[PDB]
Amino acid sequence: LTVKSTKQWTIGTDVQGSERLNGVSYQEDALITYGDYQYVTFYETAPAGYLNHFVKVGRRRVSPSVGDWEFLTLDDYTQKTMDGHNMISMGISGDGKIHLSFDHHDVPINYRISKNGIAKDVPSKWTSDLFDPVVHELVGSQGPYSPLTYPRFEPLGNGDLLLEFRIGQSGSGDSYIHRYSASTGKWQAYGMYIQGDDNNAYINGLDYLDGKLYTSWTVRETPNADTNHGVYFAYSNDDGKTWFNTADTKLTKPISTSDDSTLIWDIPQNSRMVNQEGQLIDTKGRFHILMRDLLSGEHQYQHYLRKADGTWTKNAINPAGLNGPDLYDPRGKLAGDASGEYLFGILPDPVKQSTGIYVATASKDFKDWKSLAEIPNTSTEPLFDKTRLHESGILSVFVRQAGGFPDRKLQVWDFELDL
């Protein structure tokens, strides 16, 4: 596997503040290809200036040829909270509607949707009046909608879309799932799916494939990030309603954090393992987790693999040149190609201030981590476009630069792979 071409686009000037609001690990998702177009969402500074931001949505054609990015500005909702949790997630349902949820730390939901199926019936002009107003509920469903943190969308096989989030707080919280029907345009409540016990679960993502939904998490005892422990796994065959552990034993609904039957790796507190890193169901149905720890005596990224035979392995990701991360350094992701043979680590390097792209192969049990490419000058938790990789073999990554405001840009990097 090699790189055929590298291209980049600047899509905006990043916002100013003590926190990163753009390029946050648990954006799910920031960058999406649907049909022949790619979409991206981010904050830009509003005319009021410092500590006033608007959500922007960009689109560009990517098939059968790539055209120019265009942007709309949602100038009816001003983001004002300088808190690194207050990021944006986007999802696109099979009716072509684009959904956004954003700007939360332990507050009520903020959600909006496009009026029509703009990703399906693609409009000529790209303007803010394509979107309905911000609301604080999910029409058809029920709360609780507060205190909410961490909206995450997952598109299902039939065009429906899940929205998942935590209700409660760091160190005492539960998570919930809601399902949007692309046939009726109504949401329904799947209810609480994981319940804290004077702690909270921190999932790594949602991963849906061929009718199964996969998640992994660590449990956090207090608002101190040193109090994460364990790596846990469960999956569902019914889009979030009921769940199983790795041995296919049905769990209680909700899953409790006190239930050790979902633990796949013991990792104590003070291991320097961070919450909400990365996960991946590969196209062959092998599940992967990206985390980190200091348990070897050095800080290293860690790859957990759920093998076809049922067994779990844990391998450090330690290719030449990669500096290992500590607890508060930027988080990475794992991406997969269409074939399921190639695993990409998209790993921010805290020494280099860059994003490395490393590749391993299923033929070598993913032990053969090799440097494939680099994105220079990043201070970001890198995020990629699953569908674009599957469909065209192009690894497209959304990044916040390193550097000072207003030099620090937002960009999209495309690596064309020679599959």
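Residues carry their position along the shown sequence, with the first being 1.
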Quiz item: Out of 390-398 and 24-32, which stretch has the higher average CA B-factor listed in the record?
Solution: 390-398
Quiz item: Taking the recorded C-alpha temperature factors, which stretch has the higher mean, 261-269 or 307-315?
Solution: 307-315
Quiz item: Which one of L322, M291, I203, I88 shows the top CA temperature factor in the record?
Solution: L322
Quiz item: Which one of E164, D174, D210, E277 shows the top CA temperature factor in the record?
Solution: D210
Quiz prompt | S93 - Cα temperature factor, lowest/middle/highest third of chain | solution = middle
Practice problem: Could you tell me which third, lowest, middle or highest, the C-alpha B-factor of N377 occupies within its chain? | Solution: middle
Quiz item: By its CA B factor, does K284 count among the lowest, middle or highest third of the modelled residues in the chain?
Solution: highest
Quiz item: Among the chain's modelled residues, which third holds the C-alpha B-factor of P123?
Solution: highest
Exercise. Would you check the entry's CA temperature factor for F54 and let me know if it's in the chain's lowest, middle or highest third?
Key: lowest
